[PDB]
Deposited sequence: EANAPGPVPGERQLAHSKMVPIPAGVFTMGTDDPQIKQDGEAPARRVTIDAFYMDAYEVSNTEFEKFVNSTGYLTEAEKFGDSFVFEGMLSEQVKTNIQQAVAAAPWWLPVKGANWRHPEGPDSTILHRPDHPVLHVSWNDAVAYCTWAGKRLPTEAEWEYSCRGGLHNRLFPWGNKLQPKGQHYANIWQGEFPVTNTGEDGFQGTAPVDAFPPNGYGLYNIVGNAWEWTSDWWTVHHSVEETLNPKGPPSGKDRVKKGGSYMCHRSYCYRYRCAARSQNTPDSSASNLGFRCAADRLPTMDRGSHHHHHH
């Protein structure tokens, strides 16, 4: 296993957002041209095992652990998000759950601050929204998903999202009701796994829904805000209710927030030291 490996994301120009927004309230529009310098992106969402290395090294206590609760989806115990006492990265559904059987699944119940701590410890950083979205798109232009416009190309599942009647029944058609291992499903064109679906992913940007059409270079998002941007959707998303497993999709939470469907991956300007 090599679940902290990074891939080189090539220098390029791409179209961020879309002039055909699917959730207009989220500021998916307008489409805008963005230039990104070459950098490195984690191939995988950060796993439980990888986060445990960080915690073993630093003693870091996550915000959910300090607060004493975190949001858990009711179906695996909005009205379906319950603040559960004792839910945190080691106990994803609450005190009597465990990660012992899921070491290679994405770490969950990590806040934006927890994510920044991990990435910086690892000699890395969070990606910007634009870096994240560019990477998500995987060298394709103006497609819904990292792989194209069809949800199930060639009749194959390409991401871990919801099948069935949300939120009452998840059929597990794609092989996973909750999270999947961080190396599940096909990679996109840049070598990234689970960039849509599985766990939501934090980015460094403050959230706004107001974007200009002006061309930008390595944009960092607005200089102020109250919520940070998250991307890519999760195992909970379904076309019928929450259609956010698209590269152009976007949502937000306060930086001290955490939940059972939200994780992260890191980026870096250069290759850090490892092993």
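Student: Since the structure holds only modelled residues, which stretches of the deposited sequence does it leave out?
Tutor: The deposited sequence has unmodelled segments at 1-13, 91-104, 303-311.
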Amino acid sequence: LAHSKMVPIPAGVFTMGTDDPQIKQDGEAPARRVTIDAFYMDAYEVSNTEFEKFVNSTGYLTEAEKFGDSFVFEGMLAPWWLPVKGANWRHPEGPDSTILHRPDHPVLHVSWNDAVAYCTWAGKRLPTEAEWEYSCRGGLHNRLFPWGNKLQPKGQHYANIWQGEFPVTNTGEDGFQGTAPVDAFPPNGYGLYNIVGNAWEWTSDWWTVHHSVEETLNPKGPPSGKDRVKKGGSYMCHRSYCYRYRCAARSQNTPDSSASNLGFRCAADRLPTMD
From here on, numbers count along this sequence of modelled residues.
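Student: Should the higher mean CA B-factor in the entry be assigned to 39-47 or to 217-225?
Tutor: So the stretch with the higher mean C-alpha B-factor is 217-225.
Student: Can you let me know which of the two, 239-247 or 226-234, has the higher average C-alpha B-factor in the entry?
Tutor: Stretch with the higher mean C-alpha B-factor: 239-247.
Student: Quick one: which of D174, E74, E201, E131 shows the highest Cα temperature factor in the PDB entry?
Tutor: Top of the list by C-alpha B-factor: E74.
Student: Which one of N194, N88, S97, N113 shows the top CA temperature factor in the record?
Tutor: Max CA B-factor in the entry, restricted to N194, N88, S97, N113: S97.
Student: Relative to the other modelled residues of the same chain, rank the CA B-factor of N149 and answer lowest, middle or highest third.
Tutor: For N149, whose C-alpha B-factor we compare with every modelled residue in the chain, the answer is the middle third.
Student: Sorting by Cα B-factor within the chain, modelled residues only, which third would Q163 end up in: lowest, middle or highest?
Tutor: Middle third, going by the recorded CA B-factors of the chain.
Student: Using the temperature factors of the C-alpha atoms in this entry, rank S260 within its chain: lowest, middle or highest third.
Tutor: For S260, the deposited C-alpha B-factor lands in the lowest third.
Student: Divide the modelled residues of the chain into thirds by Cα B-factor and specify which third, lowest, middle or highest, holds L82.
Tutor: Highest third.
Student: C-alpha B factor of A11, ranked within the chain: lowest, middle or highest third?
Tutor: For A11, whose C-alpha B-factor we compare with every modelled residue in the chain, the answer is the middle third.
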